[PDB]
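*Asks:* Here you go, one structure.
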Amino acid sequence: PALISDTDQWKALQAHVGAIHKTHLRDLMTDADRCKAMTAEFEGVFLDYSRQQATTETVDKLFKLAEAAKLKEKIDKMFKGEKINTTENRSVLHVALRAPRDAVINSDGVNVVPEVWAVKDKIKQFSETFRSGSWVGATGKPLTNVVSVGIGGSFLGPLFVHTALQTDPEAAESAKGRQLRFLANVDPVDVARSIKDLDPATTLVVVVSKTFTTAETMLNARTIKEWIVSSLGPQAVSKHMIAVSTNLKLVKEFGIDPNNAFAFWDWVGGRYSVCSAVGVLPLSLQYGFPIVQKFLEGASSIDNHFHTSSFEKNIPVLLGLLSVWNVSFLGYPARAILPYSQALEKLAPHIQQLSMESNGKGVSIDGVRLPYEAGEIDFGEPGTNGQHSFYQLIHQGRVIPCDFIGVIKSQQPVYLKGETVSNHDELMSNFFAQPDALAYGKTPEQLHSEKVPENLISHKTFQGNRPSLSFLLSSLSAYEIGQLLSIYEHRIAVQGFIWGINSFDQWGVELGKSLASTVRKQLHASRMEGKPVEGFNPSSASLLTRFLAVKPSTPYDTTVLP
Amino acid sequence: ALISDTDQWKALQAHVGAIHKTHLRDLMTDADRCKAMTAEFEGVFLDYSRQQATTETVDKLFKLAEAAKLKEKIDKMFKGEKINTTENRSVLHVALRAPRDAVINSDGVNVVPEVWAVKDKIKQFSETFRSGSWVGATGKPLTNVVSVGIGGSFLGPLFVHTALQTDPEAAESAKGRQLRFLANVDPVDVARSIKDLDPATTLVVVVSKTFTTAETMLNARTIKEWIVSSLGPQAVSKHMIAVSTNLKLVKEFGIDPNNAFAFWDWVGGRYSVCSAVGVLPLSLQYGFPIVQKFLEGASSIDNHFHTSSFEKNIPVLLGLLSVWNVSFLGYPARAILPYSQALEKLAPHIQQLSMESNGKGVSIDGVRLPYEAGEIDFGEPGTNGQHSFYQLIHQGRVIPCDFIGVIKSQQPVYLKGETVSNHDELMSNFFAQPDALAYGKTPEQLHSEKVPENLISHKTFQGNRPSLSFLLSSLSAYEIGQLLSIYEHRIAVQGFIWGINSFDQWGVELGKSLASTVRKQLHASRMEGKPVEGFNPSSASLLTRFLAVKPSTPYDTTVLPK
Ligand SMILES: O=P(O)(O)OC[C@H]1O[C@H](O)[C@H](O)[C@@H](O)[C@@H]1O
Ligand SMILES: O=P(O)(O)OC[C@H]1O[C@H](O)[C@H](O)[C@@H](O)[C@@H]1O
């Protein structure tokens, strides 16, 4: 009912902002008790948020907001499989994808776990038949190269986990001599990329789309399918392509054997689908189902933590509340995902979808237009790369609250005899310094104390008091990757719950699809039928006229591949 | 003075109220307006009609450009004046792509002869290198090049290289060759860069303006050890070369002095890809002529930017529109949305080019700014980003978009009987998304479509969200160079209007200082058993948790990855 911004709690936090404005992190970060309070910890995951612009009172005030917004009830309702995605009338149960074989989670009156495990075991059997060479090509060779075709939550989530497992010793071993490539873009350049240095006879294709109607994926699906027939023949399709989708009737009609189709469900959000067959199938072909099952158990471990742990100890809850604090009360429109791991390189792009597609919303879940903005702009690059890209602005331009992620045990440790510190230790020294640099700044007195020329002190000042939080992880293997993923899936839902919006819908994408089909029809009529450009505004008409002024080089209606 | 105090600024400020009384879905019917809010140069067409503005808005920006002496600052830049007042340096990345006869003076000395001297040196080496004549220690010719560097020594080259990888001319000149980038100090990135590489057939290029950047030098000494450990300590003068401003330090590293390639203090890191920073590794992958066509692309914009009147001046218009969106419409972020997979690494370079130049808190005179300046930049290629964060751009926070599309596909693909070619399928998104953000979709339309009254609010698009569009004739080396040059000059324009130094980077120092202090602590604790001391309580604990885990390798013993 009531907009959260109307509640006394919400206004109580707005009064609190003026009090925090009177404080500076240079002083707050000497308080042992404050800084010890503003931590939390679960297994290999340590979270230090002492560098937020916050006191324990802020956190206490944030907790009564969470009660006033009924955060605990909303979390249980999700876990209980209630249809909280009200605008699509759907359950929201990514957690059921990693729930234990004995769990009971009902959607639409049926327990969905036994069917969740139905797919897992089918993927396991296929994965063993695949990796052991008994699944052969048309020229009889065993397949070693997998192209996953998909976009959005059918792409970014799996890419993230694949890039994180690539350099973990255990997984890397299990994936010896095997490739996993992702065809996402419809740009035919991406198509050329994903098939470069590849053999149709040795390549398996997996088509991932919750719908099997998505325009870019299905054209990719049809394009790569022809690459296979060009080189192997019309029957090769059955042994060289498989699919993951909610709608298997559409998979049958695409020409894929119905027993080579691995299902997931409409209560699996796209941007929450990596734990479903979307990611488990392709990751299991690369790293084997043992490695992937570890990733699931990690994710499952945070699901239990998020569902049952009190709010002072609850990492997803703390993260989401501090994010609302930064966004809606301190007014920070962006947020930086800065992990000190090249293995986590593809983490920010996935958080981008998960975060902005969930909470880039203008109305409450009941349809009331929000009087405030919800949904931060997420970006990042891994440290230390980002340090030499944009941290200049983070220190001296617009204030951007940061997520620092560091890992203790290196995946690929390096030391040279005589070096002051190991390579991984060099990396981590910035991980420990940057958040303190952001908190304390450097005063002009401190600069003039160091005989810095007066004309430069202005340019060398750091204001400090810029906020940050630090994850410190035990290691970065499949289990922990899954824990990281679960922590952000649940953090985004918490921001959405506090904001009182539908984190789990995506209507903002419908208009671009409509107009693109209107343009597509204009492009067919002009290319194939020579029909003028008609029905567009004068800018669009000129641009289309420029585009179509370049007539194709290919003989009419003739197939061309790279 | 201070730009925010001038009448031109206050006029533009009230002008916002008039623009707020318009809506793009009307403004876009005006053929006079749409035609006027464009600009064009060679195969580069700019349509900015979808900006929240009129020709009068642009008129008023021009009078701000006048009060700001924009024309002047561009001329001083081009003439070689040391406009980088805080470091007392010229700003002459223009001179890297100048012709031999050009007269560009820094400190009374013409710099062009030295520019072309390095250039001629690179070409000579790249013929030698690519011919196979240059061999390794085992006598085999060198196939693969690894480029070690960070930030400016990294991002521009990576962008240009990703773009050329699929260009059919460049790809042909690059066959059989690899060019990889080692950038992070994270030893995972070392393991990745040397994965499947043989040091016998590998050449290493060390790029750093200072040759003292901690991450690059450790990676450099790390990859040196990789080479000596396989091919002997003599193999170094054969397998390692360097790019930098300091050659004494390059000799000290242990690299043959005539295997050093200079550039100069008036080349910013984020403006350095047209120097040997980019020209050298790119010439090795693609041949020097391909790289020469890129430099010529950059050069054409330089002349266009320097001479063209403001209403035809593409970088001037871009920079003023971006200032308009930032300082008057209030938009904190900007999206780089190339509808090209080959431009996949464009946005990461623009992040650095823009946010390090313009993320500043004081004027070029050290006056504190009463408004904020440099915007947060980010992007993904279309249509990828479409299925990631566009939900927010349509229905959440407003984010001005740069859309970039290309007429001719680098990699055209067509299937007989498909309604459109794959590149045309890509482009109908490129043409639809701007219109969809400009027009919106009202509840009235939705009710007129029999959308249930309870779903109308969730499916509403407000429209009047700004975007601009670039249409490129092709994406060959020449056009990549033009795109590069457009953005370098746009960012400068913005800094000039704002009155800030787009060319220093003091905001990075404080993180460097405290990271040294951490590096000292880690050595003291790893090698000397010293306790943790001199950190705040949060940092003390984080460091103890990290040191708790001892490395599994014997003391002072060299370990490499995989
Ligand atoms: O999984 P698909 O049916 O292929 O749909 C692909 C989808 O990826 C994500 O889920 C996004 O939310 C959508 O913007 C996109 O349409
Ligand atoms: O170019 P280098 O000497 O390696 O310097 C690396 C540099 O990255 C960018 O170019 C920036 O100028 C700094 O953030 C950093 O110092």
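Identifiers in the structure tokens: chain A, B, ... in order shown; residue index from 1 per chain; ligand index from 1 in order shown.
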Show me, as a PyMOL selection string, the residues that have an atom within 7 Å of residue 181 in chain B when counting only C-alpha atoms, minus same-chain residues fewer than 5 positions from it.
*Replies:* chain B and resi 146-148+193
*Asks:* Could you take the residues named above and write them with N, CA, C and O atoms, as an mmCIF file, in the first residue's frame?
*Replies:*
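Written output follows (again-v2.cif):
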data_model
loop_
_atom_site.group_PDB
_atom_site.id
_atom_site.type_symbol
_atom_site.label_atom_id
_atom_site.label_comp_id
_atom_site.auth_asym_id
_atom_site.auth_seq_id
_atom_site.Cartn_x
_atom_site.Cartn_y
_atom_site.Cartn_z
ATOM 1 N N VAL B 146 53.038 -10.292 -26.973
ATOM 2 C CA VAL B 146 52.343 -9.950 -25.737
ATOM 3 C C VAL B 146 52.718 -8.524 -25.376
ATOM 4 O O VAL B 146 53.902 -8.173 -25.359
ATOM 5 N N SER B 147 51.705 -7.707 -25.092
ATOM 6 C CA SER B 147 51.869 -6.295 -24.772
ATOM 7 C C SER B 147 51.580 -6.124 -23.285
ATOM 8 O O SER B 147 50.452 -6.370 -22.823
ATOM 9 N N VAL B 148 52.602 -5.703 -22.537
ATOM 10 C CA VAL B 148 52.515 -5.557 -21.093
ATOM 11 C C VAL B 148 52.376 -4.079 -20.777
ATOM 12 O O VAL B 148 53.246 -3.269 -21.124
ATOM 13 N N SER B 193 47.762 -14.699 -20.179
ATOM 14 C CA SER B 193 48.509 -14.158 -21.313
ATOM 15 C C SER B 193 49.489 -15.171 -21.922
ATOM 16 O O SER B 193 49.692 -15.162 -23.141
#
*Asks:* Among range 244-480 of chain B, which ones does DSSP place in strand (DSSP E), written as a PyMOL selection string?
*Replies:* chain B and resi 244+260-262+333-338+376-379+401-406+467-472
*Asks:* Dump as CSV the rows for residues of chain A within 7 Å of ligand 2: closest atom pair and distance in Å with one decimal, only C-alpha atoms and all ligand atoms counted, ordered by chain and rising residue number.
*Replies:*
residue,atom,partner,partner_atom_place_in_ligand_line,distance
A:387,CA,ligand 2,14 (O),6.5
A:388,CA,ligand 2,14 (O),3.6
A:389,CA,ligand 2,14 (O),6.1
*Asks:* Counting only C-alpha atoms and all ligand atoms, which residues of chain A fall within 7 Å of ligand 1, and what is the closest atom pair for each with its distance in Å at one decimal, ordered by chain and rising number, as a Markdown table?
*Replies:*
| residue | atom | partner | partner_atom_place_in_ligand_line | distance |
| --- | --- | --- | --- | --- |
| A:150 | CA | ligand 1 | 4 (O) | 5.7 |
| A:151 | CA | ligand 1 | 6 (C) | 5.2 |
| A:152 | CA | ligand 1 | 8 (O) | 3.4 |
| A:153 | CA | ligand 1 | 9 (C) | 4.1 |
| A:154 | CA | ligand 1 | 1 (O) | 5.0 |
| A:208 | CA | ligand 1 | 4 (O) | 6.1 |
| A:209 | CA | ligand 1 | 4 (O) | 3.0 |
| A:210 | CA | ligand 1 | 3 (O) | 3.2 |
| A:211 | CA | ligand 1 | 3 (O) | 3.5 |
| A:212 | CA | ligand 1 | 3 (O) | 5.6 |
| A:213 | CA | ligand 1 | 3 (O) | 6.5 |
| A:214 | CA | ligand 1 | 4 (O) | 5.0 |
| A:217 | CA | ligand 1 | 4 (O) | 6.2 |
| A:269 | CA | ligand 1 | 10 (O) | 6.6 |
| A:270 | CA | ligand 1 | 10 (O) | 3.5 |
| A:271 | CA | ligand 1 | 10 (O) | 5.5 |
| A:357 | CA | ligand 1 | 12 (O) | 6.9 |
| A:506 | CA | ligand 1 | 12 (O) | 6.2 |
| A:509 | CA | ligand 1 | 14 (O) | 6.1 |
*Asks:* Okay, now the selection with N, CA, C and O atoms, as an mmCIF file, in the first residue's frame?
*Replies:*
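Okay, this is what ended up in out.cif:
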data_model
loop_
_atom_site.group_PDB
_atom_site.id
_atom_site.type_symbol
_atom_site.label_atom_id
_atom_site.label_comp_id
_atom_site.auth_asym_id
_atom_site.auth_seq_id
_atom_site.Cartn_x
_atom_site.Cartn_y
_atom_site.Cartn_z
ATOM 1 N N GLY A 150 22.900 -17.621 -26.940
ATOM 2 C CA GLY A 150 21.916 -17.039 -26.049
ATOM 3 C C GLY A 150 22.335 -15.620 -25.743
ATOM 4 O O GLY A 150 23.439 -15.189 -26.083
ATOM 5 N N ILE A 151 21.412 -14.869 -25.140
ATOM 6 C CA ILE A 151 21.625 -13.457 -24.872
ATOM 7 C C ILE A 151 21.081 -13.141 -23.488
ATOM 8 O O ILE A 151 20.293 -13.897 -22.918
ATOM 9 N N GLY A 152 21.472 -11.980 -22.974
ATOM 10 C CA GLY A 152 20.904 -11.537 -21.710
ATOM 11 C C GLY A 152 21.240 -12.528 -20.615
ATOM 12 O O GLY A 152 22.347 -13.076 -20.569
ATOM 13 N N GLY A 153 20.259 -12.802 -19.753
ATOM 14 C CA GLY A 153 20.416 -13.791 -18.698
ATOM 15 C C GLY A 153 20.704 -15.195 -19.196
ATOM 16 O O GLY A 153 21.007 -16.068 -18.376
ATOM 17 N N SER A 154 20.584 -15.441 -20.502
ATOM 18 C CA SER A 154 21.032 -16.684 -21.115
ATOM 19 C C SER A 154 22.515 -16.665 -21.467
ATOM 20 O O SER A 154 23.012 -17.650 -22.019
ATOM 21 N N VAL A 208 20.287 -21.535 -26.015
ATOM 22 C CA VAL A 208 19.718 -21.188 -24.716
ATOM 23 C C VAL A 208 18.787 -19.996 -24.911
ATOM 24 O O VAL A 208 19.233 -18.897 -25.260
ATOM 25 N N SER A 209 17.498 -20.200 -24.680
ATOM 26 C CA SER A 209 16.569 -19.083 -24.648
ATOM 27 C C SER A 209 15.369 -19.506 -23.837
ATOM 28 O O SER A 209 14.753 -20.535 -24.138
ATOM 29 N N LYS A 210 15.038 -18.720 -22.818
ATOM 30 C CA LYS A 210 13.863 -19.049 -22.034
ATOM 31 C C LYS A 210 12.621 -19.186 -22.907
ATOM 32 O O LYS A 210 11.679 -19.900 -22.535
ATOM 33 N N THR A 211 12.630 -18.562 -24.087
ATOM 34 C CA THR A 211 11.473 -18.469 -24.967
ATOM 35 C C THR A 211 11.601 -19.236 -26.273
ATOM 36 O O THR A 211 10.576 -19.618 -26.845
ATOM 37 N N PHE A 212 12.820 -19.440 -26.771
ATOM 38 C CA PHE A 212 13.071 -19.964 -28.114
ATOM 39 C C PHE A 212 12.401 -19.117 -29.207
ATOM 40 O O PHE A 212 12.165 -19.600 -30.324
ATOM 41 N N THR A 213 12.088 -17.850 -28.910
ATOM 42 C CA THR A 213 11.575 -16.903 -29.893
ATOM 43 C C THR A 213 12.386 -15.628 -29.983
ATOM 44 O O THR A 213 12.231 -14.885 -30.959
ATOM 45 N N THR A 214 13.203 -15.336 -28.980
ATOM 46 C CA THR A 214 14.088 -14.180 -28.988
ATOM 47 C C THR A 214 14.772 -14.007 -30.336
ATOM 48 O O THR A 214 15.379 -14.940 -30.863
ATOM 49 N N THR A 217 18.800 -14.517 -30.735
ATOM 50 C CA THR A 217 19.235 -15.893 -30.483
ATOM 51 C C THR A 217 18.760 -16.841 -31.581
ATOM 52 O O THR A 217 19.526 -17.692 -32.043
ATOM 53 N N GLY A 269 13.883 -16.417 -13.352
ATOM 54 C CA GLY A 269 14.224 -15.192 -14.054
ATOM 55 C C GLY A 269 15.447 -15.391 -14.933
ATOM 56 O O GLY A 269 16.359 -16.149 -14.594
ATOM 57 N N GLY A 270 15.446 -14.730 -16.098
ATOM 58 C CA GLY A 270 16.600 -14.759 -16.984
ATOM 59 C C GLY A 270 17.914 -14.420 -16.285
ATOM 60 O O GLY A 270 18.859 -15.219 -16.247
ATOM 61 N N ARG A 271 17.971 -13.232 -15.720
ATOM 62 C CA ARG A 271 19.116 -12.774 -14.971
ATOM 63 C C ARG A 271 19.297 -13.545 -13.659
ATOM 64 O O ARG A 271 20.226 -13.191 -12.905
ATOM 65 N N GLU A 357 18.346 -4.302 -14.684
ATOM 66 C CA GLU A 357 17.104 -4.843 -15.227
ATOM 67 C C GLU A 357 16.114 -5.184 -14.126
ATOM 68 O O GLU A 357 14.906 -5.219 -14.374
ATOM 69 N N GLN A 506 10.324 -7.233 -16.433
ATOM 70 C CA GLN A 506 11.137 -6.468 -17.415
ATOM 71 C C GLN A 506 10.235 -5.981 -18.561
ATOM 72 O O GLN A 506 10.322 -6.547 -19.651
ATOM 73 N N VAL A 509 11.672 -3.510 -21.834
ATOM 74 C CA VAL A 509 12.292 -3.975 -23.067
ATOM 75 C C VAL A 509 11.290 -4.122 -24.214
ATOM 76 O O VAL A 509 11.701 -4.328 -25.365
#
*Asks:* Mind checking which residues fall within 8 Å of residue 489 in chain B, counting only C-alpha atoms, ignoring those fewer than 5 positions away in the same chain, and posting them as number ranges by chain?
*Replies:* B: 305, 315-316, 319
*Asks:* Store the residues picked out above in a file with C-alpha atoms, as a short mmCIF file (atom, residue, chain, number, x, y, z; two decimals), in the first residue's frame.
*Replies:*
data_model
loop_
_atom_site.label_atom_id
_atom_site.label_comp_id
_atom_site.auth_asym_id
_atom_site.auth_seq_id
_atom_site.Cartn_x
_atom_site.Cartn_y
_atom_site.Cartn_z
CA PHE B 305 38.07 19.69 -35.41
CA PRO B 315 33.68 17.12 -31.66
CA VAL B 316 32.58 20.63 -30.64
CA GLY B 319 31.25 18.05 -26.23
#
*Asks:* Just want the 8 Å neighbourhood of range 399-406 of chain A, counted on only C-alpha atoms, with same-chain residues fewer than 3 positions away dropped. Output as a PDB file with N, CA, C and O atoms, in the first residue's frame.
*Replies:*
ATOM      1  N   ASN A 326      23.015   4.490   0.389  1.00  0.00           N
ATOM      2  CA  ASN A 326      23.804   5.290  -0.546  1.00  0.00           C
ATOM      3  C   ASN A 326      22.932   5.913  -1.637  1.00  0.00           C
ATOM      4  O   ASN A 326      23.118   7.087  -1.986  1.00  0.00           O
ATOM      5  N   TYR A 332      23.593   8.927  -4.219  1.00  0.00           N
ATOM      6  CA  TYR A 332      24.625   8.485  -5.150  1.00  0.00           C
ATOM      7  C   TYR A 332      23.978   7.695  -6.270  1.00  0.00           C
ATOM      8  O   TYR A 332      23.465   6.599  -6.014  1.00  0.00           O
ATOM      9  N   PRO A 333      23.996   8.184  -7.517  1.00  0.00           N
ATOM     10  CA  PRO A 333      23.250   7.504  -8.588  1.00  0.00           C
ATOM     11  C   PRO A 333      23.950   6.291  -9.174  1.00  0.00           C
ATOM     12  O   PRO A 333      23.274   5.483  -9.820  1.00  0.00           O
ATOM     13  N   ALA A 334      25.264   6.133  -8.989  1.00  0.00           N
ATOM     14  CA  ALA A 334      26.011   5.013  -9.544  1.00  0.00           C
ATOM     15  C   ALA A 334      26.720   4.240  -8.442  1.00  0.00           C
ATOM     16  O   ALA A 334      26.838   4.690  -7.302  1.00  0.00           O
ATOM     17  N   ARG A 335      27.176   3.051  -8.822  1.00  0.00           N
ATOM     18  CA  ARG A 335      27.836   2.113  -7.934  1.00  0.00           C
ATOM     19  C   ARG A 335      28.859   1.333  -8.749  1.00  0.00           C
ATOM     20  O   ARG A 335      28.566   0.914  -9.872  1.00  0.00           O
ATOM     21  N   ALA A 336      30.054   1.156  -8.193  1.00  0.00           N
ATOM     22  CA  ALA A 336      31.163   0.529  -8.902  1.00  0.00           C
ATOM     23  C   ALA A 336      31.467  -0.849  -8.319  1.00  0.00           C
ATOM     24  O   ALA A 336      31.631  -1.002  -7.100  1.00  0.00           O
ATOM     25  N   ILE A 337      31.512  -1.854  -9.186  1.00  0.00           N
ATOM     26  CA  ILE A 337      31.848  -3.224  -8.814  1.00  0.00           C
ATOM     27  C   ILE A 337      33.315  -3.399  -9.153  1.00  0.00           C
ATOM     28  O   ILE A 337      33.664  -3.490 -10.331  1.00  0.00           O
ATOM     29  N   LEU A 338      34.193  -3.417  -8.142  1.00  0.00           N
ATOM     30  CA  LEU A 338      35.638  -3.376  -8.366  1.00  0.00           C
ATOM     31  C   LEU A 338      36.263  -4.627  -7.757  1.00  0.00           C
ATOM     32  O   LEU A 338      36.714  -4.601  -6.603  1.00  0.00           O
ATOM     33  N   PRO A 339      36.276  -5.804  -8.441  1.00  0.00           N
ATOM     34  CA  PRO A 339      36.915  -6.993  -7.880  1.00  0.00           C
ATOM     35  C   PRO A 339      38.409  -7.108  -8.219  1.00  0.00           C
ATOM     36  O   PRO A 339      38.769  -6.989  -9.366  1.00  0.00           O
ATOM     37  N   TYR A 340      39.241  -7.350  -7.204  1.00  0.00           N
ATOM     38  CA  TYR A 340      40.701  -7.484  -7.440  1.00  0.00           C
ATOM     39  C   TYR A 340      41.005  -8.897  -7.942  1.00  0.00           C
ATOM     40  O   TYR A 340      41.780  -9.613  -7.282  1.00  0.00           O
ATOM     41  N   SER A 341      40.393  -9.282  -9.066  1.00  0.00           N
ATOM     42  CA  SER A 341      40.653 -10.608  -9.674  1.00  0.00           C
ATOM     43  C   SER A 341      40.367 -10.507 -11.169  1.00  0.00           C
ATOM     44  O   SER A 341      39.260 -10.102 -11.516  1.00  0.00           O
ATOM     45  N   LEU A 393      38.392   9.832 -11.127  1.00  0.00           N
ATOM     46  CA  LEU A 393      37.126  10.488 -10.830  1.00  0.00           C
ATOM     47  C   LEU A 393      36.593  10.029  -9.484  1.00  0.00           C
ATOM     48  O   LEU A 393      35.968  10.809  -8.755  1.00  0.00           O
ATOM     49  N   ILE A 394      36.792   8.756  -9.157  1.00  0.00           N
ATOM     50  CA  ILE A 394      36.265   8.246  -7.903  1.00  0.00           C
ATOM     51  C   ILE A 394      36.905   8.958  -6.724  1.00  0.00           C
ATOM     52  O   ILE A 394      36.260   9.167  -5.694  1.00  0.00           O
ATOM     53  N   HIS A 395      38.161   9.394  -6.870  1.00  0.00           N
ATOM     54  CA  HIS A 395      38.838  10.064  -5.769  1.00  0.00           C
ATOM     55  C   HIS A 395      38.574  11.562  -5.760  1.00  0.00           C
ATOM     56  O   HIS A 395      38.419  12.159  -4.692  1.00  0.00           O
ATOM     57  N   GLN A 396      38.507  12.203  -6.933  1.00  0.00           N
ATOM     58  CA  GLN A 396      38.432  13.659  -6.972  1.00  0.00           C
ATOM     59  C   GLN A 396      37.247  14.237  -7.742  1.00  0.00           C
ATOM     60  O   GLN A 396      37.079  15.461  -7.729  1.00  0.00           O
ATOM     61  N   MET A 428      47.077  -7.384  -3.997  1.00  0.00           N
ATOM     62  CA  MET A 428      46.267  -7.161  -2.810  1.00  0.00           C
ATOM     63  C   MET A 428      46.680  -5.922  -2.049  1.00  0.00           C
ATOM     64  O   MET A 428      45.898  -5.428  -1.241  1.00  0.00           O
ATOM     65  N   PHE A 431      44.234  -3.480  -3.090  1.00  0.00           N
ATOM     66  CA  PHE A 431      42.977  -3.876  -2.470  1.00  0.00           C
ATOM     67  C   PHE A 431      42.844  -3.382  -1.036  1.00  0.00           C
ATOM     68  O   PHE A 431      41.752  -2.987  -0.614  1.00  0.00           O
ATOM     69  N   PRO A 435      40.533   1.430  -0.448  1.00  0.00           N
ATOM     70  CA  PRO A 435      39.417   1.832   0.425  1.00  0.00           C
ATOM     71  C   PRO A 435      39.810   2.786   1.526  1.00  0.00           C
ATOM     72  O   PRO A 435      38.981   3.602   1.940  1.00  0.00           O
ATOM     73  N   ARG A 466      34.701   9.303   1.225  1.00  0.00           N
ATOM     74  CA  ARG A 466      34.023   8.617   0.144  1.00  0.00           C
ATOM     75  C   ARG A 466      33.856   7.154   0.516  1.00  0.00           C
ATOM     76  O   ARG A 466      34.792   6.553   1.053  1.00  0.00           O
ATOM     77  N   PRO A 467      32.680   6.563   0.319  1.00  0.00           N
ATOM     78  CA  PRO A 467      32.394   5.283   0.966  1.00  0.00           C
ATOM     79  C   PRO A 467      32.765   4.086   0.112  1.00  0.00           C
ATOM     80  O   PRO A 467      32.810   4.144  -1.120  1.00  0.00           O
ATOM     81  N   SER A 468      33.004   2.978   0.810  1.00  0.00           N
ATOM     82  CA  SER A 468      33.407   1.726   0.190  1.00  0.00           C
ATOM     83  C   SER A 468      33.075   0.580   1.128  1.00  0.00           C
ATOM     84  O   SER A 468      32.881   0.770   2.331  1.00  0.00           O
ATOM     85  N   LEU A 469      33.040  -0.624   0.576  1.00  0.00           N
ATOM     86  CA  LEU A 469      32.922  -1.819   1.391  1.00  0.00           C
ATOM     87  C   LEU A 469      33.814  -2.878   0.773  1.00  0.00           C
ATOM     88  O   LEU A 469      34.111  -2.827  -0.424  1.00  0.00           O
ATOM     89  N   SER A 470      34.263  -3.824   1.601  1.00  0.00           N
ATOM     90  CA  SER A 470      35.252  -4.807   1.181  1.00  0.00           C
ATOM     91  C   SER A 470      34.768  -6.210   1.517  1.00  0.00           C
ATOM     92  O   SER A 470      34.517  -6.523   2.686  1.00  0.00           O
ATOM     93  N   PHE A 471      34.611  -7.034   0.482  1.00  0.00           N
ATOM     94  CA  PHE A 471      34.537  -8.485   0.606  1.00  0.00           C
ATOM     95  C   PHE A 471      35.958  -9.052   0.664  1.00  0.00           C
ATOM     96  O   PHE A 471      36.822  -8.662  -0.127  1.00  0.00           O
ATOM     97  N   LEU A 472      36.199  -9.983   1.592  1.00  0.00           N
ATOM     98  CA  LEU A 472      37.439 -10.756   1.631  1.00  0.00           C
ATOM     99  C   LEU A 472      37.059 -12.234   1.612  1.00  0.00           C
ATOM    100  O   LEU A 472      36.463 -12.743   2.575  1.00  0.00           O
ATOM    101  N   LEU A 473      37.390 -12.920   0.522  1.00  0.00           N
ATOM    102  CA  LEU A 473      36.988 -14.308   0.316  1.00  0.00           C
ATOM    103  C   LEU A 473      38.151 -15.266   0.590  1.00  0.00           C
ATOM    104  O   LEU A 473      39.314 -14.951   0.319  1.00  0.00           O
TER     105      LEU A 473
END
*Asks:* Which residues are close to residue 166 in chain A, i.e. within 10 Å by only C-alpha atoms, leaving aside same-chain residues fewer than 5 positions away? Reply as an MDAnalysis selection string.
*Replies:* (chainID A and resid 161 171:173 175 180 286:287 343 411 477) or (chainID B and resid 188 192)
*Asks:* Select, from A:479, A:507, A:462, A:289, the residue with the minimum atom-to-atom distance to residue 444 in chain A, counting only C-alpha atoms.
*Replies:*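 Using only C-alpha atoms, residue 444 in chain A sits closest to A:462.
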